[PDB]
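Next up: just one chain, as structure tokens, the form deposited in one PDB entry.
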């Protein structure tokens, strides 16, 4: 269905010639096009699957982009600019400015090797600045993950290394933009039950205690530790295991969240229902240690990052640091020297 309409050489809306695939999600596909009606400018086109759910998410995304782009026409807060949208054989296609690689693709293709601290600081700052602007405008992203943070530019170099039989990519400039408003929710709109991709889901989302701007802050915390290590500290699929991993890495869950939740399946009285002395239990234990033991250095700038990471992963969303305050954290002082 989608396969039949996203081929190299295909022409969309009598101007956009597909030259390459940039990526794939559950929503569908992102393709690189030459725009023959804008002097041959390369753009990005999100082709949405002709399914009810993804169609309605795409109409929702278009509405959010019109708002964010109108409010911030210079993209000072780094949300991707939408150029226009059309229908091609029943599929909604959204045209955007072409950006470079996802942070996900860059880490994955370098063999899950982390970003440098200097790069992470700049990227964290821009991610917080961009998501804080959604926060100012009565939005929650809900689906922040490395796949949805793209480098503005192809500002990197690439060489084949025959020792390890892949390309290695070296970042020059780490500037990013935030993409995918398919899930973004206004404060007064109906809130989805489940939101976020398992690895980046806040404990208030897992426990169905209600969610808000603070669930984004949790996701950014998870992104930052993945950028620093090259992998997530929550490598799991299952909800309970995910909660076991939070206990190991971050310390016990607040009793009030455990007792308030209707998600009682996960618990037994006051505590996670988790045989730690079992095979799957000892496995989680091996994979997990207190957060600050992931630090690769005791240098103070590593202490700075992990203090912010720890405040972003506060269990209680009423307590969790805001992006307004995260922007002011000591980790960022290095960017504001003068």
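Residue numbers count along the first chain shown, from 1. Take the two forms, find the largest set of C-alpha atoms that superpose within 1.5 Å, and that set is the rigid core.
Higher mean CA B-factor, judged across 183-191 and 94-102 from the recorded values: 183-191.
When the mean C-alpha temperature factors of 163-171 and 147-155 are read from the deposited coordinates, 163-171 comes out higher. By the numbers in the PDB entry, the CA B factor is greatest at 196 among 196, 212, 76, 132. Between the residues 66, 276, 35, 307, it is 276 that shows the highest Cα B-factor in the PDB record. In the deposited entry, the Cα temperature factor of residue 110 places it in the middle third of its chain's modelled residues.
Placement of the Cα temperature factor of residue 45 within the chain: lowest third of the modelled residues, per the deposited record. Residue 218: CA B factor lies in the lowest third for its chain, per the PDB record. Split the chain's modelled residues into thirds by C-alpha temperature factor. Residue 139 is in the lowest one. Sorting the modelled residues of the chain by their CA temperature factor places residue 116 in the middle third.
There is also a form deposited in another entry; it is not shown, and the following applies to it.
The residue that stands out in 135, 169, 78, 240 is 169, the single one whose Cα moves by 2 angstroms or more between this form and the one not shown on a rigid core fit. When two forms of a protein are overlaid on their rigid core, residues whose CA moves 2 Å or more are considered shifted, and residue 87 is not one of them between this form and the one not shown. Residue 187: CA moves less than 2 Å between this form and the one not shown after rigid-core fitting.
Core-superposed comparison between this form and the one not shown: the Cα of residue 118 travels less than 2 Å. Relative to this conformation, a decrease of 3 Å or more in the Cα-Cα distance between residue 115 and residue 164 is found in the other entry.
Compared with the form shown, the residue 161-residue 31 C-alpha separation increases in the other entry, the change being 3 Å or greater.
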